[PDB]
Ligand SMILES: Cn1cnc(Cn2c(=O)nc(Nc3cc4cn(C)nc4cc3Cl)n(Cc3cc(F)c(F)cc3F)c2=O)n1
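To begin, one chain is listed below as structure tokens, in the form deposited without the named molecule.
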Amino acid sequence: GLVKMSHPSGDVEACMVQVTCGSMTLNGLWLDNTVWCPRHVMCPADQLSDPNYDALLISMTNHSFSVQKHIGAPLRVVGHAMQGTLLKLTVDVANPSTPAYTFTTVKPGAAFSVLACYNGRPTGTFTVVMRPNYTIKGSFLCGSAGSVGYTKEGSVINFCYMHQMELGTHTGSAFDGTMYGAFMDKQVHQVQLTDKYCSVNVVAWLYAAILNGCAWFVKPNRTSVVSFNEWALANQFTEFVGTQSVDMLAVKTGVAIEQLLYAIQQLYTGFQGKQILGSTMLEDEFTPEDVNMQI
């Protein structure tokens, strides 16, 4: 069946620390001699509504930050810099459990695993998709700022997300410092763009339905990619872009992408009765790589 699958979180658990500055504490990511954490740890919650982060960074010394590791084996800060919405702290011990890793920005529709932590303590893991409005729908209580999202290729962890703020709608930074969707890290109200169904994932989900013998929705009728995308612009679906993973499902089932593009337009009008792989709505948080891997 189709389960929400995350990467095993051991490699990332061994990198979580608690970062403290003033009365603010949160989670941080310890890679080699660097500890990454959200920069709003420097902001007293009284002034979190409008901070001047550069003035905040001037007023700080390496003594303004403390870093603690709770899990596993149990840091002095000798450097501090700011990189967009992240603090980049330098510590005097290299994390002896740093995994091979990269930094890459994920795109809307793509899935990654999240290690929710509190006070440097990993508490749970789940998978989210980067929404078209550059938010994610996960579970983030008070104190999970600095929790980390990632994918894994071979032995290489791709760190792609550090949690920053709740707008059950959440957003955060890539490890280059830039916020997903350009949201500001200040507790002012800000308007998010409209969310959309991720069309390539709905299509992968329907292929999964077909591979499990649930194909009542397949008709001979087709709509072209060109025409679907023109329809998508008016109905809050993303632009459909085919990939090799999608092609593999079309080959295995013998059902063409265009047949599913047409069925989406009908199923969006409403499921009739009637159910698909358990649910009464379209599912867009399983990727073609998900479906290929699991089925």
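Heads up: residue numbers just count along the shown sequence, starting at 1.
- Figure legend: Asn133 is marked as modelled in all of the other comparable entries of the protein, none of which omit it, let alone a third.
- Among other deposited entries of this protein with both flanking residues present, at least a third omit coordinates for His189.
- Counting the deposited residues that fall between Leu193 and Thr194 and carry no coordinates gives zero.
- The segment from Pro74 to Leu75 is interrupted, since 1 to 3 residues of the deposited sequence in that interval carry no coordinates.
- Higher mean CA temperature factor, per the PDB entry, when comparing 180 to 188 with 208 to 216: 180 to 188.
- Per-stretch averaging of Cα B factors for 50 to 58 and 260 to 268 places 50 to 58 on top.
- The maximum CA B-factor among the listed residues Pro96, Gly168, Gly79, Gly120, taken from the PDB record, is found at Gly168.
- Compared with the other modelled residues of the chain, the Cα B-factor recorded for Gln236 ranks in the highest third.
- Among the modelled residues of its chain, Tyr197 has a C-alpha B-factor that falls in the middle third according to the deposited record.
- Looking at the C-alpha B-factors along this chain, the one for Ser144 belongs to the highest third.
- Per-chain ranking of the deposited C-alpha B factor places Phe65 in the highest third.
- Annotation for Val41: C-alpha temperature factor in the highest third relative to the rest of the modelled chain, per the entry.
There is another form of the same protein, the form deposited with the named molecule bound; it is not shown, and what comes next is about it.
- None of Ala263, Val35, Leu26, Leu249 but one reaches within 4.5 angstroms of the named molecule in the bound PDB entry through a heavy atom, and that residue is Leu26.
- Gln187 is the sole member of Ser97, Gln187, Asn133, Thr151 with a non-hydrogen atom lying within 4.5 angstroms of the named molecule in the bound PDB entry.
- The named molecule in the bound PDB entry is approached by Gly143, whose closest heavy atom lies within 4.5 angstroms of it.
- The named molecule in the bound PDB entry is not approached by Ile157, whose heavy atoms all lie more than 4.5 angstroms from it.
- Contact between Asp176 and the named molecule in the bound PDB entry is not found at the 4.5 Å heavy atom cutoff.
- In the bound PDB entry, the named molecule stays beyond 4.5 Å of every heavy atom belonging to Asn201.
- Screening 214 to 222, 158 to 166, 124 to 132, 99 to 107 for residues having heavy atoms within 4.5 Å of the named molecule in the bound PDB entry returns a single hit, 158 to 166.
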